[PDB]
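See structure below.
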Ligand SMILES: *[C@@H]1O[C@H](CO)[C@@H](O[C@@H]2O[C@H](CO)[C@@H](O[C@@H]3O[C@H](CO[C@H]4O[C@H](CO[C@H]5O[C@H](CO)[C@@H](O)[C@H](O)[C@@H]5O[C@H]5O[C@H](CO)[C@@H](O)[C@H](O)[C@@H]5O)[C@@H](O)[C@H](O[C@H]5O[C@H](CO)[C@@H](O)[C@H](O)[C@@H]5O[C@H]5O[C@H](CO)[C@@H](O)[C@H](O)[C@@H]5O)[C@@H]4O)[C@@H](O)[C@H](O[C@H]4O[C@H](CO)[C@@H](O)[C@H](O)[C@@H]4O[C@@H]4O[C@@H](CO)[C@@H](O)[C@H](O)[C@@H]4O)[C@@H]3O)[C@H](O)[C@H]2NC(C)=O)[C@H](O)[C@H]1NC(C)=O
Ligand SMILES: *[C@@H]1O[C@H](CO)[C@@H](O[C@@H]2O[C@H](CO)[C@@H](O[C@@H]3O[C@H](CO[C@H]4O[C@H](CO[C@H]5O[C@H](CO)[C@@H](O)[C@H](O)[C@@H]5O[C@H]5O[C@H](CO)[C@@H](O)[C@H](O)[C@@H]5O)[C@@H](O)[C@H](O[C@H]5O[C@H](CO)[C@@H](O)[C@H](O)[C@@H]5O[C@H]5O[C@H](CO)[C@@H](O)[C@H](O)[C@@H]5O)[C@@H]4O)[C@@H](O)[C@H](O[C@H]4O[C@H](CO)[C@@H](O)[C@H](O)[C@@H]4O[C@H]4O[C@H](CO)[C@@H](O)[C@H](O)[C@@H]4O)[C@@H]3O)[C@H](O)[C@H]2NC(C)=O)[C@H](O)[C@H]1NC(C)=O
Ligand SMILES: *[C@@H]1O[C@H](CO)[C@@H](O)[C@H](O)[C@H]1NC(C)=O
Ligand SMILES: *[C@H]1O[C@H](CO)[C@@H](O)[C@H](O)[C@H]1NC(C)=O
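Chains as they are written, first to last, in full-length UniProt numbering: chain A, 23 to 159, 164 to 633; chain B, 22 to 160, 164 to 632; chain C, 328 to 632.
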């Protein structure tokens, strides 16, 4: 699809106006879910068409109210905000004004002063529109309708089932079925803002980095929109903002003598060294000469994979990390600065050097933090819950390829991202799924030459039709937890068999990408039983003993499920969500957290 | 406050707003003398140059963000810094006035702009600002550095003391502790939003509105202050909820008459509560750079408040407070402002049937007060006069600072229809004659500032000993029978409450609010018959209080406020299980079983 | 045999170290009622824990408990109900005579149990009072007249300089809760204040010392980092710091440590007691809190030395 998606920033040529805070909100509870479109609510302020309530942004809407119908609502929700713009934006026609929505859900439509201006399919990814025309020819009214319905061609997929036995269900009953283990929160869960650029502007930047002996090589490619009469100057600044290299034009290669490489946290005493690429555009326009500035952080580092090693900067790397989720009390998947910083403080405390974005791209601000703190990332698209054969077809395939393209567009420049994951626990025993995954992986590889690609599997080693195409094998297993309930004594044997079976077949590096135990804080027993803190500890110890037998050979990582307790749909196996966290949902450590911490610092200190 | 107005920043045709939320660079100054940052003048250069720094979210308290043991209980100076790229028009167009606004800080805060000393403020929970136009209009990113001191002293509000313990057989060299006498954690940081905003160089600086009723008509009495040029004219228009003009006038003062007015009613007092008009002030002024226009719009709720010998009247009708005490407190962010928790809390209040809260024990974020106006939740707006426990805290110096603090409180919140009473203190040592005079003067000062509302302080004194009680318009009583004495003895509660109300009313003949009662309650602890700390004990204690309240709430008891809305953090001690557990909601905003009980009562009272 | 020197507690002529617990006769529903399953469970947990001793805080336990000690090898400091003697009016000639008779009954019942290795005549009496000093002298003398075969003590929380009973004991037993009952939350002070405690007590008295109580109220499932009072992390850390201090003297003149308490137990209602006393390393239902595992490791380590 079209154009770049650079994270907005202030610069000499660009302003940003955050639209955080209260928006007006209404769920459309009409039987056919379309009354808002029938009455065209967007033509007028939202309150004119019925009761509205306040909804905070960014936030999920699902836990904010005490309305019993809203948490599990399936349909369109309607948000609205009125903004007073700086007069300079609306009167000075050299100003380009952009409305950026950080994310939405399955579908979103945006109206600006009642005019339909922007649409987007799929959650967890940003979208924007140049609204200069609507702003410059006295309030801006922004209306956003968001659909949260998951279907056989959304990512994640789902199904909708109407149940028409009127002796067991009321007239019109339907439910949303899903096959992924996290709650389908919705809303405007990420920051919404307006920003400006000149009418000729830096639209896209692509950087890749390599090393020559002790030299750093920074390849850049720059895309400009608007006038095709311009010049580009590019500088690379060191940590103290000294110019160490410079160039020109839409593309080039900068050389950095005696380069400071970007190293993961605990892989170097001074990890995460960031240079900055300052891009300066001088263009000739219809109203005279314009200047545009954008500055992109750059970490000079390489990623490679052998038959048994995962190499960062040509040195063997071992993932000792976690899986996370965008999830917290009350706000759901809503972005929050204090929770963000707290989580990173906990990651560093834990000795974690990595996480996977189970199971969707996280807020960009999370990736920025990773680049700065040296926490490597397996960046994963929302290809989770692909459990039924009907989800694997040509339309879903091409949709999945488009989403991966979006993920790569957004995140291609983060040094912290060291691998792409295209799915989690797809039905990859299916031959249709093997082809599907072959093609999504090949597509991803064709978009970014610089990173390995994988998908995370719970398939049997002999049956997995996607396994041949991954650069690194990522395996989920929960021995004694999802089978042989309580039998801690079986873990080492089953794990040994797992690794031997998989490596014998594929001769590719393996990551244990999930393992854990549901654990209710304060539940204690000796001997240990499932759900106690002691069972969590024991299960971790047995996994750790298994991992020890192969982690200096061909197992190149371990990621605990999960960093913290998080919300899921109601079911008899989910005690107010998923409780496999090593931290509580309120970011305090269960006893197992300390056990894992010891392990991670011990492994890190092996040098 | 002394220096001019303090209107809540908003965008208008003449005014912009740029929030500075997100990451700031941060360092605590752990030097032995706590002054290295001033000795080395860290503010003269980017903060990272003077040593290690870390990220700190704003708004948030700093105390719970890290895993650093010594940071949570740190006492001294912390240093924050942000760099800002400003719009070119702000720096280049000399008609722009650029203002730096800090929502709140702590005991002391100093602010530097590009290394230049620019703004200082004493006391927490209250906003302060400076015109920085000259520093931005040089002819480069703006660097804002803020040092915040969290030390409480005999002359701070809340007060405290510092104790150096020199017995090296028991304490390491240099050991000191902050002693306090209030029951909430002394969190610190940039807990409220920091922003830049603009106005013209001649601008609307202050607005004061008061409202009254004549038969069927609303009266809106306005007073406007303009700073900058001396030559100007003002237009004022009152707009109804559908934005049509209902009244209009001119000048620096006047009275708009509103025919057939829609009064502002508390939640559940009327089917359509919280009716707000808007007062749109348009300034036209002649300046050195030509004529300018300034626009500011103030929400207005037309309502009156009065106190009789037995009733609290809103719009001339008897009102009964059935509400809660709150705190600015949540996991991780401490006292940090947060939009989701704010909306959640208001949803829970309306679910509960609560029509009121007290800002125990400091003014809350302005955004909270704005929500109270819009949701119809009335407010007893309380300054940080809590922990005044020791004779030494009542000094002529403490009294002046307290008077100034009330001035800031009144300046900030005087225009909120939801605020129906000022509280100048909570549980001061009001048995003391010095405390009685001190309170007399703070209260008199407050009354002189604001003619439109009653004034109180909240007491746990014995009715015979309370030297402050004569000066309050409404008597507000804290009591915890069976909890803080006669442990477990639920059977005593109705008797002791009856005695309380009889004694207090016989002495004073003024309306009474039960401003605190409750029980520490650990969610999940159950026992029959009930024992302290169980949910059943909380329920039973509430039931007994409610029965006592019922005997006087149609007579001279005009309110009840449960302690507390939610579990919140305190200092460590053997009586505080990870803070105060008297919430009817958990700190994560879910109801304990007692919440349902209180809810049924409040709706029942509302429907009478 | 049992004997005491200026620095050692000797069983069968060999240096002994108490690594044990305090208990109570206390369980859900039955209160102090005797129960066979709970008895056997507790001894199974004592052995699992590596505990070699307990004190019968603060009253003699059922005879059956003593029979178990004899068969399982868990030594006992057998303590009479001389607890709560906090007021001056409790130290009179009438109370003294009564206490002497109670000690007679205690000794008569338990004199033949090999597991009982020491009598304790009181717990935290107001032993700073000169009347209390005389009172305890007499009860101790009376106890020795009844049984020549065992040492006698009482358990103290007095200031070392003020304790008027301390001259009369064979073994000094001290209770302290640094960072818990004072300097709330200050885990960093424990090692220092404990060093000072041992140095002061031993300089003055030159008799073997048992740390007879230490601990932290701990609600199972409360967690925080950094640790706060009432969390499992705080219990662990307080224990760790106490252990480090004990380590500095446990091969010199400190001859025992007894954690308070084996399990959470019931008390009167008050603002400092969350449904009773929560200082257990086990819950009232006999499951381990995380600190129980920490103590277990220590006890087996010490045993193996
Ligand atoms: C920002 O945050 C700051 C940090 O919290 C805060 O500063 C603190 O302010 C509090 C008061 O609010 C002060 O607490 C009082 O301290 C009184 C003693 O003060 C004197 O001694 C202090 C310690 O000195 C030792 O350490 C320093 C630093 O290393 C060293 O320089 C000295 O040489 C000493 O060294 C010995 O000990 C070291 C270990 O501690 C060891 O390493 C060394 O080897 C030595 O053994 C000292 O800090 C004080 O210094 C201040 O004052 C002098 C001017 O006199 C000035 O030059 C300094 O720059 C300091 O100035 C700051 O603070 C002062 C306030 O004192 C303020 O005026 C300034 O503007 C500036 O902010 C000083 O030398 C102590 O007496 C007092 O306690 C009494 O009073 C209280 C209240 O009444 C009672 O509760 C107490 O019990 C006690 O009184 C009792 O009752 C009285 C009767 O009334 C008496 O009869 C009884 O017997 C009993 O005494 C307080 O504890 C605290 O010292 C100070 N800390 C520091 C580090 O500065 C600052 O104000 C905040 N600023 C803002 C704007 O918010
Ligand atoms: C925004 O949110 C919306 C709300 O979620 C999304 O809309 C939903 O999309 C779902 C798919 O994601 C749809 O689910 C599928 O439904 C079909 C059946 O569709 C037909 O019937 C529907 C129900 O009709 C009744 O109710 C409606 C609602 O009030 C009325 O309008 C009807 O008049 C009718 O009313 C009677 O009953 C009601 C009680 O409910 C009474 O009150 C009345 O009095 C009447 O008695 C109906 O909703 C469907 O209408 C859609 O399609 C029409 C075209 O045919 C179109 O005109 C409509 O505008 C509407 O279009 C919208 O949805 C379609 C998708 O269908 C989109 O193309 C379009 O873009 C619009 O968004 C229609 O009339 C059902 O067959 C499916 O189930 C099969 O397939 C799944 C997946 O494979 C399987 O898992 C199932 O098992 C099942 O397959 C089996 O079926 C049999 C099982 O028994 C078995 O026999 C077979 O073997 C087979 O294998 C799905 O369930 C859902 O219908 C739709 N809901 C609504 C209200 O629109 C919306 O898409 C989303 N938008 C965006 C952009 O994100
Ligand atoms: C880098 O910048 C300098 C100074 O502007 C310029 O002279 C030089 O040509 C640049 N070097 C390049 C383009 O490699
Ligand atoms: C306000 O109403 C109109 C609109 O400006 C105007 O005609 C009238 O003079 C004003 N009334 C006043 C100043 O009272």
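Ideal Cβ positions, reconstructed from N, Cα and C, are used throughout, including at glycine.
Asked	Found
Among all residues, which have a Cβ less than 6 Å from at least one non-hydrogen atom of ligand 4, and in what chain order do they fall?	272/B, 273/B, 274/B
Is there contact between the region 340-358 of chain B and the region 306-323 of chain B, where contact requires at least three CB pairs shorter than 8 Å?	no
Can you list, in chain order, the residues of its chain whose CB lies under 8 Å from that of residue 581/A, leaving out five sequence neighbours each side?	525, 535, 536, 537, 538, 573
Kindly indicate which three-state DSSP category residue 399/B falls into: helix, strand or coil?	helix
Would you check if the region 467-486 of chain A and the region 213-227 of chain A touch, i.e. whether three or more CB-CB distances between them fall below 8 Å?	no
Between residue 65/B and residue 603/C, what straight-line distance do the alpha-carbon atoms span, to the nearest angstrom?	57 Å
I'd like the list of long-range same chain contacts for residue 92/B, defined as Cβ closer than 8 Å, with 5 residues on each side in sequence excluded.	49, 83, 84
Roughly how many angstroms separate the alpha carbons of residue 192/B and residue 521/C, rounded to a whole number?	13 Å
Are the region 616-626 of chain C and the region 601-621 of chain B touching by the rule of at least three beta carbon pairs closer than 8 Å?	no
Give the range of the beta strand (DSSP E) segment to which residue 157/A is assigned.	That residue, residue 157/A, is in no beta strand (DSSP E); its alpha helix (DSSP H) goes 154-157.
Just checking: is the beta-carbon of residue 40/B within a distance shorter than 8 Å of some beta-carbon in chain A?	yes
Name the two residues that bound the continuous beta strand (DSSP E) containing residue 264/A.	Element bounds for residue 264/A: n/a, residue is neither H nor E.
With hydrogens ignored, establish whether the beta-carbon of residue 50/A is closer than 7 Å to any heavy atom of ligand 2.	no
Below 7 Å on C-beta distance, what does residue 534/B contact in chain A?	By Cβ distance, chain A contributes nothing, its closest Cβ being about 37 Å from residue 534/B, past 7 Å.
Between 436/B, 478/B, 439/B, 485/B, which has its C-alpha nearest residue 459/B's C-alpha?	485/B
Are residue 154/B and residue 105/B closer than 8 Å when you measure CB to CB?	no
Reducing DSSP to helix, strand and coil, say where residue 161/B ends up.	There are no atomic positions for residue 161/B here, as chain B continues from 160 directly to 164.
In the DSSP assignment, the beta strand (DSSP E) including residue 203/B goes from what residue to what residue?	200-203
For the region 166-174 of chain A against the region 205-224 of chain A, are there 3 or more C-beta pairs whose distance is under 8 Å?	yes
Name the DSSP beta bridge partners of residue 294/A, please?	291/A
Quick check: does the Cβ of residue 173/A come within less than 7 Å of any heavy atom belonging to ligand 2?	yes
Since I believe residue 453/C is in contact with residue 413/C (beta carbons under 8 Å), could you give me their beta-carbon distance rounded to a whole number of angstroms?	6 Å
Counting C-beta neighbours from all protein chains within 10 Å, is the total for residue 23/B 16 or more, i.e. buried, or is it exposed?	exposed
Going by C-alpha to C-alpha distance, which of 380/A, 390/A, 245/A sits closest to residue 362/A?	390/A
The beta strand (DSSP E) spanning residue 481/B covers which residue range?	479-483
Determine, using beta carbons only, whether residue 642/C and residue 197/B come nearer to each other than 8 Å.	This structure cannot speak to residue 642/C, because chain C is shown only from 328 to 632.
Leaving out the 5 sequence neighbours to the left and right, which residues in its chain are closer than 7 Å to residue 19/A when beta-carbon positions are compared?	Residue 19/A lies beyond the stretch modelled for chain A, which goes from 23 to 633, so this question has no answer here.
Which residue wins for smallest C-alpha separation from residue 59/B, given the options 138/B, 109/B, 500/B?	138/B
Give the secondary structure of residue 227/B by DSSP, where H, G and I count as helix, E and B as strand, and everything else as coil.	strand
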